[PDB]
Amino acid sequence: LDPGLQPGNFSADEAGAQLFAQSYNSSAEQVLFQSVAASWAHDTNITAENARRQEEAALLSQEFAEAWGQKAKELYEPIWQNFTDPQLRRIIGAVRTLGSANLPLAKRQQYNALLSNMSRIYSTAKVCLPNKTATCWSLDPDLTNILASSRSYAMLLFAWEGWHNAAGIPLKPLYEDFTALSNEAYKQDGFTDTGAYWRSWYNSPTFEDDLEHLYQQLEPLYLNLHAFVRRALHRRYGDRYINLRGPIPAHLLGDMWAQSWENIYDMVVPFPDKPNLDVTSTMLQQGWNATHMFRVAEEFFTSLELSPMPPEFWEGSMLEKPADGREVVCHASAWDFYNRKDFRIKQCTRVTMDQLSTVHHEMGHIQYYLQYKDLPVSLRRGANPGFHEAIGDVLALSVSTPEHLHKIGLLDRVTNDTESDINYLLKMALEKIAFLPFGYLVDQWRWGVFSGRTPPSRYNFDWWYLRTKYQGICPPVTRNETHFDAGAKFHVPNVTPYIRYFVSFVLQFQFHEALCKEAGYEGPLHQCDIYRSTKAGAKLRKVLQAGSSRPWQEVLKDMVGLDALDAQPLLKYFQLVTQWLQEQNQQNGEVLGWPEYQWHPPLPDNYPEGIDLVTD
Ligand SMILES: *[C@@H]1O[C@H](CO[C@@H]2O[C@@H](C)[C@@H](O)[C@@H](O)[C@@H]2O)[C@@H](O[C@@H]2O[C@H](CO)[C@@H](O[C@@H]3O[C@H](CO[C@H]4O[C@H](CO)[C@@H](O)[C@H](O)[C@@H]4O)[C@@H](O)[C@H](O[C@H]4O[C@H](CO)[C@@H](O)[C@H](O)[C@@H]4O)[C@@H]3O)[C@H](O)[C@H]2NC(C)=O)[C@H](O)[C@H]1NC(C)=O
Ligand SMILES: *[C@@H]1O[C@H](CO)[C@@H](O[C@@H]2O[C@H](CO)[C@@H](O[C@@H]3O[C@H](CO[C@H]4O[C@H](CO)[C@@H](O)[C@H](O)[C@@H]4O)[C@@H](O)[C@H](O[C@H]4O[C@H](CO)[C@@H](O)[C@H](O)[C@@H]4O)[C@@H]3O)[C@H](O)[C@H]2NC(C)=O)[C@H](O)[C@H]1NC(C)=O
Ligand SMILES: *[C@@H]1O[C@H](CO)[C@@H](O[C@@H]2O[C@H](CO)[C@@H](O[C@@H]3O[C@H](CO)[C@@H](O)[C@H](O)[C@@H]3O)[C@H](O)[C@H]2NC(C)=O)[C@H](O)[C@H]1NC(C)=O
Ligand SMILES: *[C@@H]1O[C@H](CO)[C@@H](O[C@@H]2O[C@H](CO)[C@@H](O[C@@H]3O[C@H](CO)[C@@H](O)[C@H](O)[C@@H]3O)[C@H](O)[C@H]2NC(C)=O)[C@H](O)[C@H]1NC(C)=O
Ligand SMILES: *[C@@H]1O[C@H](CO)[C@@H](O[C@@H]2O[C@H](CO)[C@@H](O[C@@H]3O[C@H](CO)[C@@H](O)[C@H](O)[C@@H]3O)[C@H](O)[C@H]2NC(C)=O)[C@H](O)[C@H]1NC(C)=O
Ligand SMILES: *[C@@H]1O[C@H](CO)[C@@H](O[C@@H]2O[C@H](CO)[C@@H](O[C@@H]3O[C@H](CO)[C@@H](O)[C@H](O)[C@@H]3O)[C@H](O)[C@H]2NC(C)=O)[C@H](O)[C@H]1NC(C)=O
Ligand SMILES: *[C@@H]1O[C@H](CO)[C@@H](O)[C@H](O)[C@H]1NC(C)=O
Ligand SMILES: *[C@@H]1O[C@H](CO)[C@@H](O)[C@H](O)[C@H]1NC(C)=O
Ligand SMILES: [Zn+2]
């Protein structure tokens with residue numbers, strides 16, 4: 001048994017715990033490196049050969065965590081909370097979390113394979129017309145593309161139900177057992193249930209209470225936005241299917257999960273005549289190419305006097321669709337090998353304005369890793385799990401502005417037209433604000449499941465109850481206790497929390513408002529840029545530098561000034577769209593909210609016979 005993989009002898013003392021932690025850090029980064037190294041190899045070079053390695057390196061990592069966790073859990077758990085330095089408590093607290101590993105091996109297999117099956121079913125789920133069609137439609141491209149692009153209610157419904165039938169129905173039996181074993185494992189760790197464990201990451205004694213108050217402060221913005229989309233859908237589909245006072249059919253909102261309303265912008269766009277300024281056409285004539293795009297992004301960070309990329313980045317990063325033509329996970333991602341000496345971005349970059357914005361986002365993560373690279377490995381993560389995304393986003397917000405684009409040189413004049421930016425801001429409002437209630441209700445639901453507030457006979461009653469109460473949606477078809485629509489969202493059977501994204505979105509604008517205030521800027525917040533503001537850069541740098549050492553709330557108070565999340569900065573960013581929508585809503589007499597919730601559409605006249613009929 002490798003000494004580099006198994007812990008030694010240590011007393012229950014802080015001096016012992018310090019020695020143990022230090023030993024954990026040294027071996028831990030070694031282990032993490034191997035796992036990610038093969039991961040990067042396969043992800044950058046898609047082949048079954050590397051997949052076998054990826055599986056092997058990840059397997060080793062768990063045995064490592066079990067060895068150290070095993071010793072830690074037995075050794076300090078009776079005393080650990082008393083260690084003086086919170087720094088030490090944080091490291092030990094992370095390692096002492098064993099999770100599933102606690103299960104006896106017979107249950108481990110049952111729990112582990114079970115999780116594997118849930119993932120298979122979701123990705124495997126196939127939706128087939130009630131005809132012996134030669135080939136069915138998978139989640140993407142066909143199902144997502146047809147649902148995002150199609151606008152024939154009859155057609156759109158059938159695709160939506162088919163997905164929930166195929167994905168949802170088979171997960172329901174399995175998910176109960178996962179609930180049983182998952183909570184069983186965490187009980188041995190010391191959490192009342194899986195929910196208590198997920199909430200534990202934010203170190204907020206009133207965490208769930210905090211979110212409700214945040215969400216109630218955003219609801220005025222959401223209801224106004226919801227009312228406007230409801231009206232627009234009514235113009236397109238007709239009163240038979242959109243009750244001005246009631247909830248919106250879930251399948252008509254432009255995406256399989258109604259989590260993003262981005263695809264309906266074409267119907268709702270204010271001031272439809274102003275074109276969205278796309279710099280692609282100028283970018284091409286400028287001779288720019290993917291490789292230069294990244295150095296352009298670095299220049300922005302250098303303007304913020306943050307750390308410029310290490311040469312290791314230019315060497316490692318997989319900036320393009322490789323000319324070798326070997327397969328790659330072209331979906332852009334940012335990687336940090338816990339090896340202090342390197343960090344890499346995988347973009348598969350192609351020259352579009354969107355990717356320019358995307359590259360800035362990804363480079364923000366790299367910047368984030370570099371600033372806390374000095375901390376011990378257990379702390380080299382976001383201040384809170386949602387904190388990581390927020391930093392990446394705020395950087396992306398600043399660069400999207402035409403004010404910034406002119407500074408880079410891609411634009412001759414910064415036309416200060418309110419119709420142009422409202423057009424833009426509404427697309428963002430459809431893209432992300434519509435997401436908040438959804439991101440909140442999924443983890444709102446899951447804590448209920450793990451907590452038992454939703455016993456098994458209610459998996460679907462509560463999901464639609466919650467989904468309607470918060471998001472303002474009801475199902476396209478009456479659905480009952482045989483179903484398990486929770487299983488229809490990727491994050492559910494893959495057991496990945498959603499709350500991180502909701503909290504991240506509030507933190508995104510909360511940081512943004514802080515930097516603008518630091519940058520001496522004034523007036524419209526959505527016209528703010530942090531470029532060249534070194535004094536703001538130092539403030540941002542501080543928040544990154546702390547990593548996970550300091551409790552997330554304590555750091556946030558130093559940055560923005562408030563010990564907790566708040567909606568006020570987010571609202572100010574959207575002040576213009578808030579003002580404009582209310583007038584549009586006020587004129588039409590929209591009922592803000594959704595009384596008479598117990599209303600939903602009739603079925604299509606010949607459903608499912610009429611599902612392919614031309615209606616455009
Ligand atoms: C991605 O784009 C990279 C950026 O290219 C620059 O920016 C774009 C927007 C255009 O304006 C382009 O014309 C720019 O060069 C690109 O890197 C560039 O690659 C080109 C070749 O494709 C290189 O051209 C050579 O440049 C040198 C001079 O550059 C050095 O010195 C100047 C100062 O004098 C510095 O400002 C530079 O930064 C460099 O340090 C020339 O000596 C050489 O001249 C040759 O041609 C002329 C006739 O035109 C002859 O008289 C000479 O004798 C030579 O035969 C080349 O013109 C360029 O160096 C390089 N940029 C930089 C900054 O080094 C990259 O290739 C693109 N990548 C991909 C994958 O597409
Ligand atoms: C978590 O675990 C890892 C692994 O143990 C620790 O990583 C080490 O971090 C230290 C610094 O904290 C690194 O030390 C640096 O080494 C450089 C030389 O490296 C070469 O030489 C050594 C042998 O001497 C070889 O082993 C190595 O492979 C290289 O060939 C120095 O140049 C550095 O100088 C800096 O520090 C000195 C003081 O030490 C200053 O006076 C200088 O001004 C300069 O700032 C430095 O000494 C070490 O290399 C890292 N090892 C690994 C494997 O990454 C983490 O630090 C640890 N986390 C915590 C919180 O302890
Ligand atoms: C941590 O230190 C402990 C000692 O406090 C080490 O445990 C001891 O390890 C040795 C082998 O390395 C074991 O030896 C065996 O002892 C039995 C009698 O106990 C004897 O009959 C055998 O022939 C053999 O000599 C010993 O049992 C074991 N004792 C205990 C209490 O664990 C341990 O190796 C150290 N662990 C690490 C990770 O460094
Ligand atoms: C993408 O991943 C695959 C799998 O890891 C890599 O394929 C392997 O590449 C090496 C050389 O690049 C091959 O080794 C060579 O094989 C020949 C024939 O036996 C031998 O004459 C050489 O001496 C050397 O051993 C290897 O066989 C090949 N395949 C496998 C399964 O390992 C590929 O290189 C990766 N591409 C990139 C760009 O990283
Ligand atoms: C995850 O899903 C797979 C697929 O449903 C499960 O594997 C299957 O598990 C069952 C028993 O749990 C095996 O049943 C056996 O089938 C053979 C005929 O194939 C029959 O002769 C035996 O009497 C028995 O009924 C089935 O073979 C097995 N399939 C494979 C490919 O191994 C797996 O058990 C599921 N995991 C969990 C935790 O539910
Ligand atoms: C939950 O509600 C679902 C409806 O979404 C009910 O499932 C449906 O149940 C009916 C019968 O109760 C099924 O129709 C029957 O089909 C056969 C031919 O297959 C026909 O001969 C009968 O006359 C009748 O039309 C329907 O296929 C079935 N659909 C699904 C998706 O299950 C279910 O009964 C409800 N369950 C509970 C516990 O309330
Ligand atoms: C330390 O132990 C004492 C005595 O059991 C207990 O009162 C105290 O709460 C512990 N410290 C922490 C931080 O829980
Ligand atoms: C655009 O015009 C408004 C007029 O009130 C002004 O407040 C805003 O600062 C202007 N933006 C820029 C970038 O000049
Ligand atoms: Zn990101």
# chains A, B, ... in the order shown; residues from 1 in each chain; ligands from 1

call {"tool": "residues_around", "arguments": {"residues": "stretch 186-189 of chain A", "least_positions_apart": "6", "cutoff": "7 Å", "atoms": "only C-alpha atoms", "output": "PyMOL selection string"}}
result
chain A and resi 97-99+102

call {"tool": "write_last_selection", "arguments": {"atoms": "N, CA, C and O atoms", "output": "PDB file, in the first residue's frame"}}
result
ATOM      1  N   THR A  97     -15.859  14.108   5.076  1.00  0.00           N
ATOM      2  CA  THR A  97     -17.085  13.758   4.359  1.00  0.00           C
ATOM      3  C   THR A  97     -16.825  12.537   3.486  1.00  0.00           C
ATOM      4  O   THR A  97     -16.200  12.639   2.430  1.00  0.00           O
ATOM      5  N   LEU A  98     -17.318  11.371   3.905  1.00  0.00           N
ATOM      6  CA  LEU A  98     -17.096  10.153   3.135  1.00  0.00           C
ATOM      7  C   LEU A  98     -18.188   9.902   2.109  1.00  0.00           C
ATOM      8  O   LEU A  98     -17.903   9.387   1.024  1.00  0.00           O
ATOM      9  N   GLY A  99     -19.420  10.280   2.424  1.00  0.00           N
ATOM     10  CA  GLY A  99     -20.544  10.044   1.534  1.00  0.00           C
ATOM     11  C   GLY A  99     -20.834   8.577   1.282  1.00  0.00           C
ATOM     12  O   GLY A  99     -20.801   7.736   2.185  1.00  0.00           O
ATOM     13  N   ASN A 102     -19.318   5.263   2.766  1.00  0.00           N
ATOM     14  CA  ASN A 102     -19.710   4.686   4.042  1.00  0.00           C
ATOM     15  C   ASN A 102     -20.475   3.381   3.872  1.00  0.00           C
ATOM     16  O   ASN A 102     -20.363   2.486   4.716  1.00  0.00           O
TER      17      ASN A 102
END

call {"tool": "closest_atom_pairs", "arguments": {"of": "chain A", "to": "ligand 3", "cutoff": "7 Å", "atoms": "only C-alpha atoms and all ligand atoms", "output": "tab-separated table"}}
result
residue	atom	partner	partner_atom_place_in_ligand_line	distance
A:6	CA	ligand 3	38 (C)	6.7
A:7	CA	ligand 3	38 (C)	5.7
A:8	CA	ligand 3	38 (C)	3.6
A:9	CA	ligand 3	1 (C)	4.7

call {"tool": "atom_distance", "arguments": {"atom1": "atom CA of residue A:116", "atom2": "atom CA of residue A:332"}}
result
24.9 Å

call {"tool": "closest_atom_pairs", "arguments": {"of": "chain A", "to": "ligand 1", "cutoff": "7 Å", "atoms": "only C-alpha atoms and all ligand atoms", "output": "JSON lines"}}
result
{"residue": "A:286", "atom": "CA", "partner": "ligand 1", "partner_atom_place_in_ligand_line": "9 (C)", "distance": 5.4}
{"residue": "A:287", "atom": "CA", "partner": "ligand 1", "partner_atom_place_in_ligand_line": "9 (C)", "distance": 4.5}
{"residue": "A:288", "atom": "CA", "partner": "ligand 1", "partner_atom_place_in_ligand_line": "9 (C)", "distance": 4.7}
{"residue": "A:289", "atom": "CA", "partner": "ligand 1", "partner_atom_place_in_ligand_line": "1 (C)", "distance": 4.6}
{"residue": "A:290", "atom": "CA", "partner": "ligand 1", "partner_atom_place_in_ligand_line": "70 (C)", "distance": 6.6}
{"residue": "A:291", "atom": "CA", "partner": "ligand 1", "partner_atom_place_in_ligand_line": "1 (C)", "distance": 5.4}
{"residue": "A:292", "atom": "CA", "partner": "ligand 1", "partner_atom_place_in_ligand_line": "1 (C)", "distance": 4.8}

call {"tool": "write_last_selection", "arguments": {"atoms": "N, CA, C and O atoms", "output": "mmCIF file, in the first residue's frame"}}
result
data_model
loop_
_atom_site.group_PDB
_atom_site.id
_atom_site.type_symbol
_atom_site.label_atom_id
_atom_site.label_comp_id
_atom_site.auth_asym_id
_atom_site.auth_seq_id
_atom_site.Cartn_x
_atom_site.Cartn_y
_atom_site.Cartn_z
ATOM 1 N N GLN A 286 -10.856 41.803 -40.057
ATOM 2 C CA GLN A 286 -9.691 42.215 -39.290
ATOM 3 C C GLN A 286 -8.600 41.165 -39.275
ATOM 4 O O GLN A 286 -7.544 41.410 -38.684
ATOM 5 N N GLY A 287 -8.819 40.012 -39.897
ATOM 6 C CA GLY A 287 -7.812 38.979 -39.946
ATOM 7 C C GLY A 287 -7.658 38.207 -38.660
ATOM 8 O O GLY A 287 -6.779 37.344 -38.575
ATOM 9 N N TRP A 288 -8.491 38.482 -37.661
ATOM 10 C CA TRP A 288 -8.426 37.759 -36.402
ATOM 11 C C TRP A 288 -8.653 36.270 -36.602
ATOM 12 O O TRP A 288 -9.370 35.837 -37.505
ATOM 13 N N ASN A 289 -8.020 35.489 -35.737
ATOM 14 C CA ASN A 289 -8.171 34.047 -35.715
ATOM 15 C C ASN A 289 -8.227 33.595 -34.268
ATOM 16 O O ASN A 289 -7.852 34.330 -33.349
ATOM 17 N N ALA A 290 -8.655 32.350 -34.078
ATOM 18 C CA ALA A 290 -8.884 31.842 -32.732
ATOM 19 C C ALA A 290 -7.701 32.121 -31.823
ATOM 20 O O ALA A 290 -7.863 32.672 -30.731
ATOM 21 N N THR A 291 -6.493 31.801 -32.276
ATOM 22 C CA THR A 291 -5.338 31.968 -31.407
ATOM 23 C C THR A 291 -5.207 33.402 -30.924
ATOM 24 O O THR A 291 -4.931 33.637 -29.744
ATOM 25 N N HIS A 292 -5.384 34.380 -31.807
ATOM 26 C CA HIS A 292 -5.288 35.747 -31.317
ATOM 27 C C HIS A 292 -6.424 36.080 -30.366
ATOM 28 O O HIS A 292 -6.230 36.870 -29.437
#

call {"tool": "residues_near_ligand", "arguments": {"ligand": "ligand 8", "cutoff": "7 Å", "atoms": "only C-alpha atoms and all ligand atoms", "output": "compact mmCIF listing (two decimals) with C-alpha atoms, in the first residue's frame"}}
result
# COMPACT_ATOMS: atom_id res chain seq x y z
CA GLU A 403 -18.49 50.49 -25.14
CA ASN A 416 -25.98 55.10 -27.45
CA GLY A 523 -25.21 56.12 -14.86
CA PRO A 524 -26.49 53.01 -16.64
CA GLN A 527 -23.09 50.41 -19.95

call {"tool": "closest_residue", "arguments": {"among": "A:194, A:352, A:145, A:119", "to": "ligand 5", "atoms": "only C-alpha atoms and all ligand atoms"}}
result
A:119

call {"tool": "closest_residue", "arguments": {"among": "A:345, A:477, A:159, A:101", "to": "residue A:136", "atoms": "only C-alpha atoms"}}
result
A:159

call {"tool": "select_by_dssp", "arguments": {"residues": "stretch 13-145 of chain A", "states": "strand (DSSP E)", "output": "JSON, numbers by chain"}}
result
{"A": [126, 127, 137, 138]}

call {"tool": "closest_residue", "arguments": {"among": "A:95, A:154, A:396, A:41", "to": "residue A:602", "atoms": "only C-alpha atoms"}}
result
A:154

call {"tool": "closest_residue", "arguments": {"among": "A:34, A:588, A:84, A:460", "to": "ligand 6", "atoms": "only C-alpha atoms and all ligand atoms"}}
result
A:460

call {"tool": "select_by_dssp", "arguments": {"residues": "stretch 157-355 of chain A", "states": "alpha helix (DSSP H)", "output": "ChimeraX atom specification"}}
result
/A:157-163,169-189,194-200,207-237,265-268,280-285,290-303,311-316,353-355

call {"tool": "write_last_selection", "arguments": {"atoms": "C-alpha atoms", "output": "mmCIF file, in the first residue's frame"}}
result
data_model
loop_
_atom_site.group_PDB
_atom_site.id
_atom_site.type_symbol
_atom_site.label_atom_id
_atom_site.label_comp_id
_atom_site.auth_asym_id
_atom_site.auth_seq_id
_atom_site.Cartn_x
_atom_site.Cartn_y
_atom_site.Cartn_z
ATOM 1 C CA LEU A 157 -46.718 18.840 -27.226
ATOM 2 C CA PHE A 158 -46.104 15.338 -28.500
ATOM 3 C CA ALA A 159 -42.353 15.820 -28.345
ATOM 4 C CA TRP A 160 -42.568 17.204 -24.831
ATOM 5 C CA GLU A 161 -44.678 14.362 -23.484
ATOM 6 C CA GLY A 162 -42.706 11.686 -25.287
ATOM 7 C CA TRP A 163 -39.504 12.822 -23.602
ATOM 8 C CA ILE A 169 -41.281 6.673 -16.221
ATOM 9 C CA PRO A 170 -38.288 4.285 -15.986
ATOM 10 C CA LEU A 171 -36.431 6.405 -13.407
ATOM 11 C CA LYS A 172 -39.253 6.471 -10.853
ATOM 12 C CA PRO A 173 -38.648 3.003 -9.375
ATOM 13 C CA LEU A 174 -34.897 3.492 -9.206
ATOM 14 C CA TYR A 175 -34.955 6.975 -7.720
ATOM 15 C CA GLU A 176 -36.649 5.725 -4.588
ATOM 16 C CA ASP A 177 -33.796 3.342 -3.814
ATOM 17 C CA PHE A 178 -31.257 6.101 -4.420
ATOM 18 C CA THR A 179 -33.130 8.177 -1.882
ATOM 19 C CA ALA A 180 -32.954 5.328 0.616
ATOM 20 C CA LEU A 181 -29.256 4.550 0.230
ATOM 21 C CA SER A 182 -28.162 8.144 -0.299
ATOM 22 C CA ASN A 183 -29.709 9.287 2.952
ATOM 23 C CA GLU A 184 -28.442 6.120 4.605
ATOM 24 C CA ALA A 185 -24.880 6.978 3.637
ATOM 25 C CA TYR A 186 -25.057 10.604 4.704
ATOM 26 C CA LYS A 187 -26.590 9.553 8.025
ATOM 27 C CA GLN A 188 -23.254 7.947 8.800
ATOM 28 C CA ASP A 189 -21.522 11.178 7.780
ATOM 29 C CA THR A 194 -28.875 14.321 1.364
ATOM 30 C CA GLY A 195 -30.596 17.682 1.440
ATOM 31 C CA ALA A 196 -28.856 18.673 4.645
ATOM 32 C CA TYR A 197 -25.558 17.771 3.017
ATOM 33 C CA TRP A 198 -26.143 19.893 -0.088
ATOM 34 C CA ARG A 199 -27.258 22.864 1.984
ATOM 35 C CA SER A 200 -24.194 22.418 4.195
ATOM 36 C CA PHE A 207 -29.909 29.226 4.030
ATOM 37 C CA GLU A 208 -33.235 28.012 2.702
ATOM 38 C CA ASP A 209 -34.953 30.910 4.430
ATOM 39 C CA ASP A 210 -32.552 33.352 2.777
ATOM 40 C CA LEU A 211 -33.353 32.122 -0.712
ATOM 41 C CA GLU A 212 -37.091 32.582 -0.307
ATOM 42 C CA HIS A 213 -36.601 36.197 0.682
ATOM 43 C CA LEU A 214 -34.240 36.720 -2.241
ATOM 44 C CA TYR A 215 -36.680 35.128 -4.637
ATOM 45 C CA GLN A 216 -39.549 37.226 -3.333
ATOM 46 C CA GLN A 217 -37.503 40.340 -4.049
ATOM 47 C CA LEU A 218 -36.914 39.157 -7.628
ATOM 48 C CA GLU A 219 -40.498 38.029 -8.169
ATOM 49 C CA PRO A 220 -41.633 41.536 -9.234
ATOM 50 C CA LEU A 221 -39.135 41.329 -12.073
ATOM 51 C CA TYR A 222 -40.052 37.743 -12.919
ATOM 52 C CA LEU A 223 -43.821 38.292 -12.928
ATOM 53 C CA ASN A 224 -43.494 41.295 -15.197
ATOM 54 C CA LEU A 225 -41.328 39.263 -17.551
ATOM 55 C CA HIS A 226 -43.654 36.284 -17.284
ATOM 56 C CA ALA A 227 -46.673 38.441 -18.061
ATOM 57 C CA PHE A 228 -45.049 39.795 -21.200
ATOM 58 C CA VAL A 229 -44.132 36.374 -22.578
ATOM 59 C CA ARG A 230 -47.603 35.108 -21.763
ATOM 60 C CA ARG A 231 -49.107 37.899 -23.817
ATOM 61 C CA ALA A 232 -46.788 37.267 -26.746
ATOM 62 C CA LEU A 233 -47.540 33.557 -26.730
ATOM 63 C CA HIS A 234 -51.224 34.420 -26.754
ATOM 64 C CA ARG A 235 -50.762 36.466 -29.926
ATOM 65 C CA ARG A 236 -49.213 33.400 -31.553
ATOM 66 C CA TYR A 237 -51.241 30.477 -30.176
ATOM 67 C CA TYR A 265 -36.940 36.103 -28.441
ATOM 68 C CA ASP A 266 -37.878 36.217 -32.126
ATOM 69 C CA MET A 267 -41.535 36.606 -31.118
ATOM 70 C CA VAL A 268 -41.136 39.120 -28.300
ATOM 71 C CA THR A 280 -18.384 38.865 -36.532
ATOM 72 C CA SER A 281 -18.432 40.497 -39.952
ATOM 73 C CA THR A 282 -15.885 43.095 -38.904
ATOM 74 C CA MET A 283 -13.899 40.569 -36.872
ATOM 75 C CA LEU A 284 -13.342 38.442 -39.976
ATOM 76 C CA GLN A 285 -12.071 41.311 -42.115
ATOM 77 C CA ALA A 290 -8.884 31.842 -32.732
ATOM 78 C CA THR A 291 -5.338 31.968 -31.407
ATOM 79 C CA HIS A 292 -5.288 35.747 -31.317
ATOM 80 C CA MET A 293 -8.732 35.825 -29.692
ATOM 81 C CA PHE A 294 -7.243 34.397 -26.517
ATOM 82 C CA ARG A 295 -4.382 36.872 -26.407
ATOM 83 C CA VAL A 296 -7.004 39.596 -26.797
ATOM 84 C CA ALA A 297 -8.768 38.225 -23.733
ATOM 85 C CA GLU A 298 -5.521 38.098 -21.797
ATOM 86 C CA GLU A 299 -5.014 41.779 -22.548
ATOM 87 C CA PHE A 300 -8.238 42.530 -20.695
ATOM 88 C CA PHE A 301 -7.024 40.733 -17.593
ATOM 89 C CA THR A 302 -3.647 42.436 -17.859
ATOM 90 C CA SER A 303 -5.579 45.692 -17.850
ATOM 91 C CA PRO A 311 3.275 30.085 -20.953
ATOM 92 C CA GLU A 312 2.026 26.646 -19.953
ATOM 93 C CA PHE A 313 -1.427 27.782 -21.050
ATOM 94 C CA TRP A 314 -0.522 28.595 -24.647
ATOM 95 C CA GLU A 315 1.267 25.263 -24.835
ATOM 96 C CA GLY A 316 -1.440 23.136 -23.233
ATOM 97 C CA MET A 353 -18.721 37.250 -31.561
ATOM 98 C CA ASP A 354 -20.374 34.787 -29.191
ATOM 99 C CA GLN A 355 -17.135 32.867 -28.840
#
